[PDB]
Amino acid sequence: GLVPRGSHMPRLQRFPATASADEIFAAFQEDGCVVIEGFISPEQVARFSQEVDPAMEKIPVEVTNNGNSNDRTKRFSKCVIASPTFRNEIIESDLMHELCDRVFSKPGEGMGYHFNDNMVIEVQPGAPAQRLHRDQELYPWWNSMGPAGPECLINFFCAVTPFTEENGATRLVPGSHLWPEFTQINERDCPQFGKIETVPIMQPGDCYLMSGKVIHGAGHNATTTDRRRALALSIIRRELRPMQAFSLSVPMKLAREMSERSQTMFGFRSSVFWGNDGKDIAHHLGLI
Amino acid sequence: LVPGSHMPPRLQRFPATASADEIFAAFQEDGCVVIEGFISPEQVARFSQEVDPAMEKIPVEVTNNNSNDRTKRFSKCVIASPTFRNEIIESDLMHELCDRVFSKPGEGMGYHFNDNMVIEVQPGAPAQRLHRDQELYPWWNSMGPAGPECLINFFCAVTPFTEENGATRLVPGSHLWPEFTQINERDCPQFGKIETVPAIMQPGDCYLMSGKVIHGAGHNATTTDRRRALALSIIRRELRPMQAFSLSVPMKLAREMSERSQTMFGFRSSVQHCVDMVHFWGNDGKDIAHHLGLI
Ligand SMILES: C=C1[C@@]2(C)C[C@H]3[C@]4(C)C=CC(=O)OC(C)(C)[C@H]4CC[C@]3(C)[C@]1(C(=O)OC)C(=O)[C@@](C)(O)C2=O
Ligand SMILES: C=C1[C@@]2(C)C[C@H]3[C@]4(C)C=CC(=O)OC(C)(C)[C@H]4CC[C@]3(C)[C@]1(C(=O)OC)C(=O)[C@@](C)(O)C2=O
Ligand SMILES: O=C(O)CCC(=O)C(=O)O
Ligand SMILES: O=C(O)CCC(=O)C(=O)O
Ligand SMILES: [Fe+3]
Ligand SMILES: [Fe+3]
């Protein structure tokens, strides 16, 4: 009795941040995405939002009407440089790694994943809805492999300020990771274009774990006041190249304080790729 | 020529002064092609001499195996060889061809370095399993021959490549087979029935080879010949390199590279387009070359 008996049915499962990893993962497989409510302790999600606000204030807003994803949407990636909670607390969630290890790692080969980006995405008010897309369009041949292709990218998309249907929370399309052809989503290339059934709604600290095969896009921010802010944990196979060059921007001072696993996530350490003439790059960097 | 003898596959050969279009047409037809004189014999000889110390301090690994042993493999060529970083990586024919393979309209450089490896096959070294280089990116075979290119290799003879000292065994036209499998008895139906052909080359020659081409280092049946190679391994901008070059190459060497050589090693970004644009391997909307001070 979830929709009125007889209704058309719109599946967007939700789990507590305290459930098992296999539980959350099974929802990921079946739907392509899933919500983790309280993925981040609320003091953290709050101390974090404060910590990056000054960097966010020095980001001018584009009012372009050119269809961009930069039109009235603020984007900021130096989260580890500018936020102690982020680099010390958020990136060390064992749920994150336990799930990454289930999407990506092969047995006896160590961590099969690393970071692509740490973006804070703040959808400004009056911002047009973002073009629909699969995140794996970042790796342009991936769509060519269809839903039998391996996973390349997952996104722990975390709500900073509340995600309403009015302030433009992300429009998901669960199950589009099993459609038989992966196209771009436009009138010329997508046959279902205009008939794609979206499904929007989260509180500060929640997140959703979306596959890279899943169609989505930020909605229109219809409000006058609400700067709707997010923090996306983009994580990729170790064979793929990060969009952010973190091991050259993030200073060595911060890297020495990270875990072995987090140095691996930012490329300050190698995995069984990105080495140094037959040896781990961590030797040459001063990290034993 | 040979006497109704069985005729092997054609490995096409071009001098480094042929047009990049003529060389690329062969690469596209066969998946591989020799470029005679890719490096000058003077340039290669000084490279071989500039790396030789680090090469002698490399111990030969001998094992009780089918292990890919008794092969020295050295990757710090930029740090050890002025000739390599000043001249070899500035081959305009190398970049012409990379562009024709990897670069998209309006995006700039579609490619960068995966590795710069001196590969010295020792006397008696066993032959290498037949493989495609794109098995490094394990999902690539599943796209088959219609797949895009992920990797090409400019595989240079530093010392002569003979059939007896272990010149690479190549399979022209294996990039057009309808199914790409690992070359094992379990998965490959042509296992044991695959005809290869050596890359007979003189020093400074190279062959350009697709990641789709089946190949393997040959057996070095000589007693004296240490068969040296320089592998310039080039991948598309979205793939991760084997070597963390931007972290082990010193900035002093970085600041002295052309801007395309900085891009090759990750000291500089390239622009990818999706209506959207982004600097791949970049710094919060800016080319990484800013934060590093490279203008
Ligand atoms: C250029 C863009 C790309 C190509 C990549 C994309 C990226 C890395 C994609 C997937 C991902 O896993 O993680 C995040 C959430 C960090 C996003 C961040 C935003 C950008 C950098 C991007 C952009 O800023 O465009 C002006 C876009 O908004 C978008 C969706 O159009 C893209 O596909
Ligand atoms: C581990 C190996 C990998 C996975 C990669 C491969 C690599 C990067 C492949 C492609 C390439 O373009 O560059 C070069 C030519 C430099 C080679 C160098 C040698 C190694 C590092 C490798 C190895 O050392 O095996 C003992 C191999 O020989 C082989 C065939 O098993 C592989 O496919
Ligand atoms: O901000 C959002 O709601 C989604 C943005 C997104 O998916 C992207 O930038 O790739
Ligand atoms: O040494 C050779 O000739 C072949 C090397 C090779 O194919 C590899 O290491 O991948
Ligand atoms: Fe997205
Ligand atoms: Fe090879």
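For A:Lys213, indicate whether it is over 16 Å from A:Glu166 (Cβ atoms), away from ligand 4 (no atom under 16 Å from the Cβ) and in contact with a strand residue (DSSP E or B) (Cβ under 9 Å, 6 or more places away or on another chain).
Working: over 16 Å from A:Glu166 (Cβ atoms): yes; away from ligand 4 (no atom under 16 Å from the Cβ): yes; in contact with a strand residue (DSSP E or B) (Cβ under 9 Å, 6 or more places away or on another chain): yes.
Considered against the rule, which asks whether it is over 16 Å from A:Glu166 (Cβ atoms), away from ligand 4 (no atom under 16 Å from the Cβ) and in contact with a strand residue (DSSP E or B) (Cβ under 9 Å, 6 or more places away or on another chain), A:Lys213 comes out as yes.
If we scan region A:112-123, do we find a residue that is in a loop (DSSP other than H, G, I, E, B) and either away from ligand 2 (no atom under 16 Å from the Cβ) or surrounded by 22 or more Cβ atoms within 10 Å (Cβ to Cβ) (or both)? I'd like the intermediate steps shown before the answer.
We begin by selecting, within region A:112-123, every residue in a loop (DSSP other than H, G, I, E, B); these are A:112.
If we keep only those that are either away from ligand 2 (no atom under 16 Å from the Cβ) or surrounded by 22 or more Cβ atoms within 10 Å (Cβ to Cβ) (or both) too, we end up with none.
Scanning region A:112-123, I find no residue that is in a loop (DSSP other than H, G, I, E, B) and either away from ligand 2 (no atom under 16 Å from the Cβ) or surrounded by 22 or more Cβ atoms within 10 Å (Cβ to Cβ) (or both), so the answer is no.
Taking the condition of being of a type in the set (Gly, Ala, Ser) and more than 27 Å from B:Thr224 (Cα to Cα), how many residues in region B:146-162 meet it?
Residues of region B:146-162 of a type in the set (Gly, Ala, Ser): B:146-147, B:157.
Pick out the ones that are also more than 27 Å from B:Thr224 (Cα to Cα) and you get B:146-147.
Qualifying residue count, region B:146-162: 2.
Checking the structure you have, find out if any residue of region A:181-195 is under 23 Å from B:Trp140 (Cβ atoms), within 14 Å of chain B (Cβ to nearest Cβ), touching a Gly at 6+ places or on another chain (Cβ under 6 Å) and among the hydrophobic types (A, V, I, L, M, F, W, C).
Yes; the residues of region A:181-195 include at least one that is under 23 Å from B:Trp140 (Cβ atoms), within 14 Å of chain B (Cβ to nearest Cβ), touching a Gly at 6+ places or on another chain (Cβ under 6 Å) and among the hydrophobic types (A, V, I, L, M, F, W, C).
Which of the residues belonging to region B:203-238 are within 16 Å of ligand 6 (Cβ to nearest atom) and within 9 Å of chain A (Cβ to nearest Cβ)?
B:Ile235 - this is the single residue of region B:203-238 that is within 16 Å of ligand 6 (Cβ to nearest atom) and within 9 Å of chain A (Cβ to nearest Cβ).
Just the residues that are touching a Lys or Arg at 6+ places or on another chain (Cβ under 7 Å) and more than 27 Å from B:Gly285 (Cα to Cα), please, taken from region A:246-277.
A:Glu260, A:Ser271, A:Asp277
Please determine, by comparing only the residues of region A:194-210 that are closer than 23 Å to A:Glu30 by Cα and in a loop (DSSP other than H, G, I, E, B), which one is nearest to ligand 4 (Cβ to nearest atom).
A:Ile196
With respect to A:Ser271, determine if the residue is more than 16 Å from ligand 3 (Cβ to nearest atom) and of a type in the set (S, T, N, Q). I'd like the intermediate steps shown before the answer.
Values: more than 16 Å from ligand 3 (Cβ to nearest atom): yes; of a type in the set (S, T, N, Q): yes.
Here the answer is yes, as A:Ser271 does meet what is asked.
Just checking, how many residues over region A:118-161 are more than 11 Å from ligand 3 (Cβ to nearest atom), under 17 Å from A:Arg238 (Cα atoms) and among the aliphatic types (A, V, I, L, M)?
1
Looking at A:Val103, A:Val63 in this structure, which one is surrounded by 16 or more Cβ atoms within 10 Å (Cβ to Cβ) and away from chain B (no Cβ under 11 Å)? Step through it out loud before you land on a result.
Details: A:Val63 fails: surrounded by 16 or more Cβ atoms within 10 Å (Cβ to Cβ).
So the residue among A:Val103, A:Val63 that is surrounded by 16 or more Cβ atoms within 10 Å (Cβ to Cβ) and away from chain B (no Cβ under 11 Å) is A:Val103.
Quick check on region B:249-262. Is at least one of its residues within 14 Å of chain A (Cβ to nearest Cβ), more than 26 Å from A:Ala82 (Cα to Cα) and either within 15 Å of ligand 2 (Cβ to nearest atom) or of a type in the set (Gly, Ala, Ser) (or both)?
yes
Quick one: A:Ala169 ticks every box in (1) within 16 Å of ligand 5 (Cβ to nearest atom); (2) more than 21 Å from A:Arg11 (Cα to Cα); (3) away from chain B (no Cβ under 14 Å) except a single one, so which number is it?
In the conditions (1) within 16 Å of ligand 5 (Cβ to nearest atom); (2) more than 21 Å from A:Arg11 (Cα to Cα); (3) away from chain B (no Cβ under 14 Å), A:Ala169 misses (2) alone.
Out of B:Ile58, B:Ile79, which single residue is within 14 Å of chain A (Cβ to nearest Cβ), outside any loop (DSSP other than H, G, I, E, B) and away from ligand 5 (no atom under 16 Å from the Cβ)? Give the derivation first.
Working: B:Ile58 fails: outside any loop (DSSP other than H, G, I, E, B).
Just one listed residue meets the conditions, B:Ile79.
For the structure I just gave you, tell me whether A:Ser20 is loosely packed, with under 15 Cβ neighbours inside 10 Å and either touching a helix residue (DSSP H, G or I) at 6+ places or on another chain (Cβ under 8 Å) or more than 16 Å from A:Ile121 (Cα to Cα) (or both).
On the way: loosely packed, with under 15 Cβ neighbours inside 10 Å: yes; either touching a helix residue (DSSP H, G or I) at 6+ places or on another chain (Cβ under 8 Å) or more than 16 Å from A:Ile121 (Cα to Cα) (or both): yes.
So A:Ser20 fits the description; yes.
When both residues are 6+ apart or on different chains and their Cβ atoms are under 7 Å apart, which pairs have a first residue that lies in region B:190-202 and is of a type outside the set (D, E, K, R), and a second that is surrounded by fewer than 18 Cβ atoms within 10 Å (Cβ to Cβ)?
Close Cβ pairs (under 7 Å, with a partner that is surrounded by fewer than 18 Cβ atoms within 10 Å (Cβ to Cβ)) amount to B:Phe191/B:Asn184; B:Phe191/B:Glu185; B:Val197/B:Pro8; B:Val197/B:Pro9; B:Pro198/B:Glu163; B:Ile200/B:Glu163; B:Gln202/B:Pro160.
Just one of (1) away from ligand 3 (no atom under 16 Å from the Cβ); (2) assigned to a loop (DSSP other than H, G, I, E, B); (3) within 11 Å of chain B (Cβ to nearest Cβ) trips up A:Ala282, so point out which.
For A:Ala282, the exception is condition (2).
Among the residues of region A:140-156, is any more than 13 Å from every other protein chain (Cβ to nearest Cβ) and aliphatic (A, V, I, L, M)? Spell out how you get there, then give the answer.
So the first thing to find is which residues in region A:140-156 are more than 13 Å from every other protein chain (Cβ to nearest Cβ), and the list is A:154-156.
Imposing the further condition that a residue be aliphatic (A, V, I, L, M) reduces the set to A:154.
Checked region A:140-156: at least one residue is more than 13 Å from every other protein chain (Cβ to nearest Cβ) and aliphatic (A, V, I, L, M).
Being in contact with a helix residue (DSSP H, G or I) (Cβ under 9 Å, 6 or more places away or on another chain) and away from ligand 5 (no atom under 14 Å from the Cβ): is that true of A:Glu98 here? Break it down stepwise before answering.
Values: in contact with a helix residue (DSSP H, G or I) (Cβ under 9 Å, 6 or more places away or on another chain): yes; away from ligand 5 (no atom under 14 Å from the Cβ): yes.
The answer is yes for A:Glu98.
From the residues in region B:275-295 that are touching a helix residue (DSSP H, G or I) at 6+ places or on another chain (Cβ under 6 Å) and within 20 Å of B:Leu239 (Cα to Cα), which one is surrounded by the fewest Cβ atoms within 10 Å (Cβ to Cβ)?
Applying the filter and picking the extreme gives B:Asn283.
Which condition number in (1) under 16 Å from the mean Cα position of the chain (by Cα); (2) farther than 20 Å from A:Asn116 by Cβ is the one that A:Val160 fails?
(2)
With respect to A:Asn186, is the statement that it is more than 18 Å from A:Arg11 (Cβ to Cβ) and either basic (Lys, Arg) or over 15 Å from the mean Cα position of the chain (by Cα) (or both) true?
yes
Where a number appears in this text, it was derived from the coordinates with a stated rule and is not lab data. Please note: Cβ atoms are built from the backbone with ideal geometry, for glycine as well, and neighbour counts cover all protein chains shown.
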